[PDB]
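Inspection log for the structure reproduced underneath, given as structure tokens.
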Amino acid sequence: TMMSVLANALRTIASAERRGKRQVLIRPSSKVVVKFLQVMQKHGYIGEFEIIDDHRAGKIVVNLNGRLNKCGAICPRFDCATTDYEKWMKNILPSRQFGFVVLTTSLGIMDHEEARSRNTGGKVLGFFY
Amino acid sequence: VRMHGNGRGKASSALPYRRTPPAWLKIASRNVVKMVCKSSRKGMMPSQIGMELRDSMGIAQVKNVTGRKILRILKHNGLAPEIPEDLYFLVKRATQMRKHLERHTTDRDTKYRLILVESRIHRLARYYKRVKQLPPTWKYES
Amino acid sequence: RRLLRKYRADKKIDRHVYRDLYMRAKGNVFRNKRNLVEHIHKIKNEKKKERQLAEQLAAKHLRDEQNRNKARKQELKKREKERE
Amino acid sequence: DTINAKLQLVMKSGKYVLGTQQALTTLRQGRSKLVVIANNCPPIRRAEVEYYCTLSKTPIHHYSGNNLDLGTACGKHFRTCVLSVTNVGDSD
Amino acid sequence: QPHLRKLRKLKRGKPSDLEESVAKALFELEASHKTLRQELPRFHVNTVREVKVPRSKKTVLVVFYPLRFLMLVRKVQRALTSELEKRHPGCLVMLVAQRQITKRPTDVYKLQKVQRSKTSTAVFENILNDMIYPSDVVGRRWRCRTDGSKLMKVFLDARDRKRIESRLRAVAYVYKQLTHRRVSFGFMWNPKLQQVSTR
Amino acid sequence: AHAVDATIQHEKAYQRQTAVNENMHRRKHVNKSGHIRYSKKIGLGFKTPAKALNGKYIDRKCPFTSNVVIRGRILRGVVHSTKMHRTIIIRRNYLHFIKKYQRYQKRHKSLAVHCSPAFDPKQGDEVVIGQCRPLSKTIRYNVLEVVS
RNA sequence: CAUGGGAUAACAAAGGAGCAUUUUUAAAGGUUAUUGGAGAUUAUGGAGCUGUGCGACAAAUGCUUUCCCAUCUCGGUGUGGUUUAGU
Ligand SMILES: [Mg+2]
């Protein structure tokens with residue numbers, strides 16, 4: 001049984017990036033998945049993606065520029081205070097110069113740099129670099 | 001298929017994206033409601049009623065015409081089955097097996113199927129009790 | 001059993017409560033007559049409370065039905081008078 | 001079984017009577033529409049009920065189970081040797 | 001005036017020029033037209049709103065009617081809009097049912113009690129269905145461009161191309177004016193196989 | 001000059017409130033029924049139940065009709081058992097955080113709570129309990145409000 | 001312990017026929033202030049309680065319904081589709 005839609009989606013994108021595919025189909029879709037995709041798209045790690053409505057959990061077709069080395073979900077969503085950003089950057093990011101940790105804050109889903117600038121904590125969703 | 005077995009069948013029906021009933025379907029909503037209500041009064045379960053309308057009257061989906069599901073229509077008229085339809089069929093399944101196992105005590109395969117059917121009943125009945133489609137203190141009896 | 005039969009004949013208890021108490025008396029639940037009488041009084045008080053609640057709910061339901069019917073007939077009068 | 005579904009429907013919506021004596025009473029009147037007899041029924045009682053059904057032109061069904069099975073198929077916790085449905089209740 | 005019965009009682013006092021013209025047309029159609037005669041007596045409208053479509057000819061007459069007349073309108077909508085359009089030269093007539101939207105609650109317990117037909121998503125898709133009624137949506141996409149925009153494209157059956165293509169631009173603009181949401185339209189000749197038409 | 005109330009008096013000693021004299025009628029300690037009944041408004045914005053004001057029950061441990069005062073902790077729990085007399089067991093379920101594994105455990109605590117006859121809680125109901133003086137070996141709280 | 005945020009979640013409830021319009025008016029009926037305090041008594045009205053009407057609004061689903069008996073080429077639009085209506 002599928003337990004995490006976000007983890008399934010990020011696993012599918014990472015596999016497609018490893019194989020060098022140009023597009024990947026994501027199924028099922030979710031608000032959290034689309035929010036995560038928009039964060040990656042904001043920083044330029046993915047191109048345009050299209051949400052396909054089927055009167056159920058929809059599908060997403062993501063165009064992939066080859067800039068995404070790896071994306072993945074962190075399960076469970078561990079709580080992260082504003083003082084814990086450096087710990088998570090150390091543990092999961094390849095470097096302090098690039099890569100993002102995605103958080104679920106009360107201000108929305110955002111990368112760790114944006115969340116730090118807003119002085120807000122939350123739960124860690126995943127990462128990409 | 002999946003629960004209590006190794007089957008991985010995918011056979012099912014795929015409802016269409018376009019929910020609007022076709023322009024050639026001239027049956028009114030009220031006449032459909034009379035059809036399902038009279039078909040239930042004829043003694044058909046909600047699934048049998050839908051297949052009857054689908055195969056003969058050209059009504060693909062009762063919900064897409066009347067706005068209401070077949071069981072919902074029966075509930076409004078009070079015609080809903082006392083025991084839910086599927087729980088009825090599983091209980092009938094277990095009863096028929098038990099009648100068979102009275103005469104064939106060496107039929108260990110049917111005994112194995114019987115455990116699954118009953119262990120399925122005790123989760124379906126737990127669901128209907130938690131959802132209050134069944135009375136509390138409702139117990140399946142062997 | 002004699003006390004239970006007397007109570008059933010006197011209509012202090014109904015046949016269902018009589019059956020329950022008969023099986024409990026066979027089951028060594030009551031030590032003497034006073035214990036059984038106390039149990040009967042407790043059951044009767046519980047029934048009275050529940051029946052009072054049921055009567056209150058029934059009255060509320062009947063009032064709701066009256067209000068719905070009155071609103072419907074007012075709607076009919078409004079529609080008839082709008083016809084002008 | 002078709003008769004089991006029909007009996008369940010009659011229990012749900014129709015009118016019926018259980019027992020041999022009440023079945024005979026409904027047969028003497030013009031009320032019975034169908035008579036169901038268990039295969040357990042004593043032969044003389046079954047012959048008497050069948051004779052009543054023949055005189056009254058009433059359809060007669062021989063149930064494949066015994067009186068316990070007929071009682072269970074009626075949704076009852078007792079045994080019935082003869083069933084008489086007075087109103088089919090839209091069944092058939 | 002007898003034609004003022006085709007308006008809500010509040011509007012009958014000082015009707016607008018557009019509202020009175022629509023009311024008069026409805027009153028005439030309730031007896032002149034064969035099909036409309038069986039439905040219009042039980043019908044009246046709320047208000048008539050004029051919309052100017054930029055870079056286009058004609059205007060759009062948005063007609064609001066109570067949602068309780070939804071099935072009544074859907075019965076004769078194609079006839080009704082065609083009749084109103086020939087009554088008003090240089091105009092397009094759109095029948096939109098007035099629907100109420102409950103603002104999304106901030107409480108999980110209030111959210112479970114929201115009538116799903118009063119949500120903005122349900123209302124907005126119902127308004128879109130109102131403005132294209134003889135045709136139905138056969139597909140819906142959301143194109144999320146790299147700049148952060150999310151544009152919704154709605155696909156119609158290519159059969160209705162010769163019947164609705166002229167009014168698609170007006171539908172898109174009126175949809176934005178009513179819902180403050182953008183919509184683009186496309187055509188699929190094979191909606192089952194998700195095959196888009198090039199022209 | 002009233003008749004002895006049979007329903008209340010079954011304890012081999014006359015049951016009465018110790019704050020008022022029920023024999024002599026005064027204004028404020030007289031309820032709607034006209035009987036002299038003591039009742040107080042506990043603090044913390046808790047309304048006195050209508051059964052406390054107008055009822056006939058005698059309870060020396062009721063927070064609204066006796067000398068039991070509410071001070072200290074105000075807690076919330078779910079009714080677990082009502083088998084005792086005028087006393088209920090409530091259960092407080094909570095998550096305990098284990099620091100090493102960065103995860104939670106489900107834990108519960110059971111409290112014996114005095115329930116006034118003004119309330120009739122059933123198993124599964126959520127109640128608000130206030131801390132009082134020790135009323136028995138295990139009772140330290142009183143039921144203040146019942147939410148079905 | 002107080003307060004701000006509400007994205008992700010948790011707890012609880014429900015299982016959807018197991019359910020629920022407002023505002024004018026008048027008329028009919030059935031242990032409060034104020035009378036200078038205080039102690040009775042009375043009656044008069046408020047205000048609610050029903051029912052009789054009355055005016056103005058709405059209404060998320062058509063009672064100008066439904067069911068049961070009985071009698072019997074013209075406009076608009078686009079560069080050809082559209083409600084009619086003659087064939
Ligand atoms: Mg399993």
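In the structure tokens, chains take the letters A, B, ... in the order shown, each chain's residues start at 1, and ligands count up from 1 in the order shown.
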Give the residues close to ligand 1, within 12 Å, counting only C-alpha atoms (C1' of nucleotides) and all ligand atoms; write them as number ranges by chain. A: 1; B: 1-6, 116, 119-120, 123
Skip segment 12-16 of chain C itself and residues of its chain fewer than 3 positions away, then list as a compact mmCIF listing (two decimals) with N, CA and C atoms, in the first residue's frame all residues within 12 Å of it, counting only C-alpha atoms (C1' of nucleotides).
# COMPACT_ATOMS: atom_id res chain seq x y z
N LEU C 3 -41.83 -13.50 44.34
CA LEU C 3 -41.86 -12.04 44.26
C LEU C 3 -41.90 -11.57 42.82
N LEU C 4 -41.12 -12.22 41.94
CA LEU C 4 -41.11 -11.83 40.53
C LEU C 4 -42.46 -12.08 39.87
N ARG C 5 -43.10 -13.22 40.17
CA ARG C 5 -44.42 -13.49 39.62
C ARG C 5 -45.45 -12.50 40.13
N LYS C 6 -45.39 -12.15 41.41
CA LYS C 6 -46.31 -11.15 41.95
C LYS C 6 -46.11 -9.80 41.27
N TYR C 7 -44.85 -9.40 41.06
CA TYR C 7 -44.58 -8.13 40.40
C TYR C 7 -45.05 -8.13 38.95
N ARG C 8 -44.87 -9.25 38.25
CA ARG C 8 -45.33 -9.34 36.87
C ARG C 8 -46.85 -9.30 36.79
N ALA C 9 -47.53 -10.00 37.69
CA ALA C 9 -48.99 -9.97 37.72
C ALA C 9 -49.52 -8.60 38.11
N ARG C 19 -38.10 -11.59 32.68
CA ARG C 19 -37.23 -12.66 32.20
C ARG C 19 -35.79 -12.43 32.61
N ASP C 20 -35.31 -11.19 32.47
CA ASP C 20 -33.95 -10.87 32.86
C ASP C 20 -33.72 -11.15 34.34
N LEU C 21 -34.65 -10.70 35.19
CA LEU C 21 -34.50 -10.90 36.63
C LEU C 21 -34.69 -12.36 37.02
N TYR C 22 -35.53 -13.10 36.30
CA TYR C 22 -35.69 -14.52 36.55
C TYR C 22 -34.39 -15.27 36.30
N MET C 23 -33.73 -14.97 35.18
CA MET C 23 -32.46 -15.62 34.90
C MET C 23 -31.36 -15.16 35.85
N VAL C 37 -35.62 -6.34 45.36
CA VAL C 37 -36.50 -5.18 45.32
C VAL C 37 -35.71 -3.91 45.02
N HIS C 39 -32.88 -3.79 43.30
CA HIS C 39 -32.52 -3.85 41.89
C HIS C 39 -33.70 -3.44 41.01
N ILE C 40 -34.90 -3.90 41.35
CA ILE C 40 -36.09 -3.54 40.59
C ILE C 40 -36.31 -2.04 40.62
N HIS C 41 -36.17 -1.42 41.80
CA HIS C 41 -36.38 0.02 41.91
C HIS C 41 -35.33 0.79 41.11
N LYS C 42 -34.08 0.32 41.12
CA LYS C 42 -33.05 0.97 40.32
C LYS C 42 -33.36 0.89 38.83
N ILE C 43 -33.81 -0.29 38.36
CA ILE C 43 -34.17 -0.44 36.96
C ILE C 43 -35.35 0.47 36.61
N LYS C 44 -36.34 0.55 37.49
CA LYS C 44 -37.51 1.39 37.22
C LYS C 44 -37.12 2.86 37.15
N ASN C 45 -36.24 3.31 38.05
CA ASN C 45 -35.79 4.70 38.00
C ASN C 45 -35.03 4.99 36.70
N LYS C 47 -35.41 3.45 33.82
CA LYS C 47 -36.40 3.48 32.76
C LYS C 47 -37.17 4.79 32.76
Residues near segment 24-30 of chain B, cut-off 7 Å, only C-alpha atoms (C1' of nucleotides), skip fewer than 3 positions along chain, as a list in words: residues 21, 33, 34, 65 and 66 of chain B
Please find the residues of chain G near chain B - the criterion being any atom within 12 Å, counting only C-alpha atoms (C1' of nucleotides) - and write them as a PDB file with N, CA, C and O atoms (P, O5', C5', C4', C3', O3' and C1' of nucleotides), in the first residue's frame.
ATOM      1  P     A G  13     -16.062  10.321  18.967  1.00  0.00           P
ATOM      2  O5'   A G  13     -17.051  11.219  18.101  1.00  0.00           O
ATOM      3  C5'   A G  13     -17.942  12.134  18.719  1.00  0.00           C
ATOM      4  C4'   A G  13     -18.636  12.996  17.697  1.00  0.00           C
ATOM      5  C3'   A G  13     -19.304  12.256  16.549  1.00  0.00           C
ATOM      6  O3'   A G  13     -20.594  11.772  16.887  1.00  0.00           O
ATOM      7  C1'   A G  13     -17.999  14.030  15.692  1.00  0.00           C
ATOM      8  P     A G  14     -21.149  10.411  16.240  1.00  0.00           P
ATOM      9  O5'   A G  14     -21.666  10.863  14.748  1.00  0.00           O
ATOM     10  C5'   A G  14     -22.534  11.952  14.640  1.00  0.00           C
ATOM     11  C4'   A G  14     -22.545  12.394  13.150  1.00  0.00           C
ATOM     12  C3'   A G  14     -22.752  11.167  12.254  1.00  0.00           C
ATOM     13  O3'   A G  14     -24.043  11.116  11.889  1.00  0.00           O
ATOM     14  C1'   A G  14     -20.928  12.154  11.405  1.00  0.00           C
ATOM     15  P     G G  15     -24.814   9.714  11.928  1.00  0.00           P
ATOM     16  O5'   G G  15     -24.530   9.093  10.494  1.00  0.00           O
ATOM     17  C5'   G G  15     -24.782   9.862   9.327  1.00  0.00           C
ATOM     18  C4'   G G  15     -24.131   9.272   8.105  1.00  0.00           C
ATOM     19  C3'   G G  15     -24.433   7.795   7.845  1.00  0.00           C
ATOM     20  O3'   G G  15     -24.549   7.589   6.440  1.00  0.00           O
ATOM     21  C1'   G G  15     -22.110   8.119   7.934  1.00  0.00           C
ATOM     22  P     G G  16     -25.983   7.335   5.769  1.00  0.00           P
ATOM     23  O5'   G G  16     -26.505   8.793   5.404  1.00  0.00           O
ATOM     24  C5'   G G  16     -27.258   9.555   6.340  1.00  0.00           C
ATOM     25  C4'   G G  16     -27.341  11.008   5.947  1.00  0.00           C
ATOM     26  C3'   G G  16     -27.518  11.278   4.452  1.00  0.00           C
ATOM     27  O3'   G G  16     -28.370  12.411   4.281  1.00  0.00           O
ATOM     28  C1'   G G  16     -25.603  12.397   5.233  1.00  0.00           C
ATOM     29  P     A G  17     -29.863  12.223   3.724  1.00  0.00           P
ATOM     30  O5'   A G  17     -30.612  11.423   4.879  1.00  0.00           O
ATOM     31  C5'   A G  17     -31.030  12.074   6.076  1.00  0.00           C
ATOM     32  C4'   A G  17     -32.479  11.790   6.392  1.00  0.00           C
ATOM     33  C3'   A G  17     -32.882  10.319   6.343  1.00  0.00           C
ATOM     34  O3'   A G  17     -33.911  10.081   7.300  1.00  0.00           O
ATOM     35  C1'   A G  17     -34.151  11.528   4.767  1.00  0.00           C
ATOM     36  P     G G  18     -34.021   8.649   8.018  1.00  0.00           P
ATOM     37  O5'   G G  18     -33.215   8.838   9.377  1.00  0.00           O
ATOM     38  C5'   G G  18     -33.400   9.990  10.193  1.00  0.00           C
ATOM     39  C4'   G G  18     -32.184  10.256  11.043  1.00  0.00           C
ATOM     40  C3'   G G  18     -31.144  11.171  10.410  1.00  0.00           C
ATOM     41  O3'   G G  18     -30.457  11.885  11.436  1.00  0.00           O
ATOM     42  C1'   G G  18     -30.204   9.022  10.740  1.00  0.00           C
ATOM     43  P     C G  19     -30.938  13.355  11.876  1.00  0.00           P
ATOM     44  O5'   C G  19     -31.198  14.116  10.501  1.00  0.00           O
ATOM     45  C5'   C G  19     -30.116  14.624   9.730  1.00  0.00           C
ATOM     46  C4'   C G  19     -30.563  15.699   8.771  1.00  0.00           C
ATOM     47  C3'   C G  19     -31.224  16.917   9.411  1.00  0.00           C
ATOM     48  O3'   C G  19     -30.875  18.080   8.669  1.00  0.00           O
ATOM     49  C1'   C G  19     -32.723  15.918   7.884  1.00  0.00           C
ATOM     50  P     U G  61     -33.270  24.809  -1.796  1.00  0.00           P
ATOM     51  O5'   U G  61     -33.360  24.055  -3.195  1.00  0.00           O
ATOM     52  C5'   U G  61     -34.591  23.551  -3.694  1.00  0.00           C
ATOM     53  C4'   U G  61     -34.713  23.785  -5.179  1.00  0.00           C
ATOM     54  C3'   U G  61     -35.158  22.577  -5.998  1.00  0.00           C
ATOM     55  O3'   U G  61     -35.944  23.027  -7.099  1.00  0.00           O
ATOM     56  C1'   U G  61     -33.048  23.303  -6.758  1.00  0.00           C
ATOM     57  P     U G  66     -45.658  18.752 -14.801  1.00  0.00           P
ATOM     58  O5'   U G  66     -45.526  17.610 -13.702  1.00  0.00           O
ATOM     59  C5'   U G  66     -44.249  17.159 -13.276  1.00  0.00           C
ATOM     60  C4'   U G  66     -44.364  16.148 -12.166  1.00  0.00           C
ATOM     61  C3'   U G  66     -45.407  15.065 -12.361  1.00  0.00           C
ATOM     62  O3'   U G  66     -44.975  14.029 -13.224  1.00  0.00           O
ATOM     63  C1'   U G  66     -45.542  15.909 -10.158  1.00  0.00           C
ATOM     64  P     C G  67     -46.041  13.253 -14.139  1.00  0.00           P
ATOM     65  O5'   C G  67     -46.889  12.394 -13.100  1.00  0.00           O
ATOM     66  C5'   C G  67     -46.275  11.372 -12.329  1.00  0.00           C
ATOM     67  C4'   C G  67     -47.144  10.938 -11.174  1.00  0.00           C
ATOM     68  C3'   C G  67     -48.515  10.392 -11.528  1.00  0.00           C
ATOM     69  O3'   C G  67     -48.490   9.055 -11.995  1.00  0.00           O
ATOM     70  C1'   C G  67     -48.722  11.906  -9.736  1.00  0.00           C
TER      71        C G  67
END
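The residue set within 7 Å of residue 98 of chain E, counting only C-alpha atoms (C1' of nucleotides) and dropping same-chain residues fewer than 3 places from it, reads residues 64, 65, 66 and 67 of chain E.
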Let's have the selection written as an mmCIF file, in the first residue's frame, with C-alpha atoms.
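Done, and the output landed in result-v6.cif:
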data_model
loop_
_atom_site.group_PDB
_atom_site.id
_atom_site.type_symbol
_atom_site.label_atom_id
_atom_site.label_comp_id
_atom_site.auth_asym_id
_atom_site.auth_seq_id
_atom_site.Cartn_x
_atom_site.Cartn_y
_atom_site.Cartn_z
ATOM 1 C CA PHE E 64 -28.204 36.013 -13.444
ATOM 2 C CA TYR E 65 -31.053 33.731 -12.384
ATOM 3 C CA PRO E 66 -31.748 31.968 -9.077
ATOM 4 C CA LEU E 67 -29.976 28.638 -8.698
#
Output as an NGL selection string all residues of chain C that backbone DSSP marks as helix (DSSP H, G or I). :C and (2-9 or 15-26 or 33-82)
Segment 50-59 of chain F surroundings by only C-alpha atoms (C1' of nucleotides), 9 Å radius, close-in-sequence under 5 positions cut, as a list in words: residues 5, 7, 8, 15, 16, 17, 30, 31, 32, 33, 35, 37, 38, 39, 40, 64, 65, 66, 116, 117, 118 and 119 of chain F
Output of the above residues as a PDB file, in the first residue's frame, restricted to N, CA and C atoms:
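After the write, result_37.pdb holds the following:
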ATOM      1  N   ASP F   5     -38.244  13.781  51.979  1.00  0.00           N
ATOM      2  CA  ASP F   5     -38.099  13.343  50.597  1.00  0.00           C
ATOM      3  C   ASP F   5     -37.560  11.921  50.584  1.00  0.00           C
ATOM      4  N   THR F   7     -36.784   9.938  48.060  1.00  0.00           N
ATOM      5  CA  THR F   7     -35.773   9.612  47.059  1.00  0.00           C
ATOM      6  C   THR F   7     -34.368   9.934  47.548  1.00  0.00           C
ATOM      7  N   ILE F   8     -34.201  11.067  48.227  1.00  0.00           N
ATOM      8  CA  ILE F   8     -32.881  11.463  48.702  1.00  0.00           C
ATOM      9  C   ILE F   8     -32.467  10.654  49.928  1.00  0.00           C
ATOM     10  N   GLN F  15     -29.897  12.994  55.099  1.00  0.00           N
ATOM     11  CA  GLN F  15     -29.004  13.638  54.149  1.00  0.00           C
ATOM     12  C   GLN F  15     -29.421  15.090  53.975  1.00  0.00           C
ATOM     13  N   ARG F  16     -28.470  16.000  54.154  1.00  0.00           N
ATOM     14  CA  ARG F  16     -28.777  17.420  54.134  1.00  0.00           C
ATOM     15  C   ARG F  16     -27.523  18.196  53.770  1.00  0.00           C
ATOM     16  N   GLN F  17     -27.730  19.427  53.315  1.00  0.00           N
ATOM     17  CA  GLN F  17     -26.630  20.349  53.084  1.00  0.00           C
ATOM     18  C   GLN F  17     -26.230  21.019  54.391  1.00  0.00           C
ATOM     19  N   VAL F  30     -32.951  30.243  47.603  1.00  0.00           N
ATOM     20  CA  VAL F  30     -34.203  29.601  47.224  1.00  0.00           C
ATOM     21  C   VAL F  30     -34.218  29.469  45.711  1.00  0.00           C
ATOM     22  N   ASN F  31     -34.386  28.244  45.224  1.00  0.00           N
ATOM     23  CA  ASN F  31     -34.351  27.976  43.796  1.00  0.00           C
ATOM     24  C   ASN F  31     -35.728  28.240  43.185  1.00  0.00           C
ATOM     25  N   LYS F  32     -35.905  27.840  41.924  1.00  0.00           N
ATOM     26  CA  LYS F  32     -37.185  28.039  41.251  1.00  0.00           C
ATOM     27  C   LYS F  32     -38.299  27.253  41.933  1.00  0.00           C
ATOM     28  N   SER F  33     -38.007  26.021  42.358  1.00  0.00           N
ATOM     29  CA  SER F  33     -39.016  25.177  42.987  1.00  0.00           C
ATOM     30  C   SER F  33     -39.502  25.728  44.319  1.00  0.00           C
ATOM     31  N   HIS F  35     -37.726  25.546  47.198  1.00  0.00           N
ATOM     32  CA  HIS F  35     -36.980  24.938  48.286  1.00  0.00           C
ATOM     33  C   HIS F  35     -35.700  25.716  48.558  1.00  0.00           C
ATOM     34  N   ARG F  37     -32.028  25.793  48.889  1.00  0.00           N
ATOM     35  CA  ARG F  37     -30.912  24.992  48.410  1.00  0.00           C
ATOM     36  C   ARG F  37     -29.671  25.861  48.311  1.00  0.00           C
ATOM     37  N   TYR F  38     -28.565  25.371  48.856  1.00  0.00           N
ATOM     38  CA  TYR F  38     -27.304  26.086  48.756  1.00  0.00           C
ATOM     39  C   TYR F  38     -26.623  25.785  47.430  1.00  0.00           C
ATOM     40  N   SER F  39     -26.110  26.833  46.795  1.00  0.00           N
ATOM     41  CA  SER F  39     -25.333  26.693  45.576  1.00  0.00           C
ATOM     42  C   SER F  39     -24.383  27.874  45.479  1.00  0.00           C
ATOM     43  N   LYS F  40     -23.197  27.621  44.939  1.00  0.00           N
ATOM     44  CA  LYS F  40     -22.191  28.657  44.784  1.00  0.00           C
ATOM     45  C   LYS F  40     -21.665  28.647  43.358  1.00  0.00           C
ATOM     46  N   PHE F  64     -20.323  22.448  43.364  1.00  0.00           N
ATOM     47  CA  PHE F  64     -21.282  23.535  43.223  1.00  0.00           C
ATOM     48  C   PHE F  64     -22.229  23.677  44.406  1.00  0.00           C
ATOM     49  N   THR F  65     -22.432  22.621  45.198  1.00  0.00           N
ATOM     50  CA  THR F  65     -23.426  22.649  46.265  1.00  0.00           C
ATOM     51  C   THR F  65     -22.846  22.260  47.620  1.00  0.00           C
ATOM     52  N   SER F  66     -21.529  22.324  47.785  1.00  0.00           N
ATOM     53  CA  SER F  66     -20.897  21.953  49.044  1.00  0.00           C
ATOM     54  C   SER F  66     -19.710  22.880  49.280  1.00  0.00           C
ATOM     55  N   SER F 116     -20.260  14.838  40.320  1.00  0.00           N
ATOM     56  CA  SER F 116     -21.480  15.312  40.945  1.00  0.00           C
ATOM     57  C   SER F 116     -22.700  14.740  40.223  1.00  0.00           C
ATOM     58  N   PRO F 117     -23.809  14.535  40.939  1.00  0.00           N
ATOM     59  CA  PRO F 117     -25.041  14.083  40.271  1.00  0.00           C
ATOM     60  C   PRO F 117     -25.607  15.096  39.292  1.00  0.00           C
ATOM     61  N   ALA F 118     -25.079  16.322  39.264  1.00  0.00           N
ATOM     62  CA  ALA F 118     -25.481  17.288  38.250  1.00  0.00           C
ATOM     63  C   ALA F 118     -25.088  16.845  36.848  1.00  0.00           C
ATOM     64  N   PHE F 119     -24.145  15.916  36.727  1.00  0.00           N
ATOM     65  CA  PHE F 119     -23.700  15.399  35.444  1.00  0.00           C
ATOM     66  C   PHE F 119     -24.022  13.916  35.348  1.00  0.00           C
TER      67      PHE F 119
END
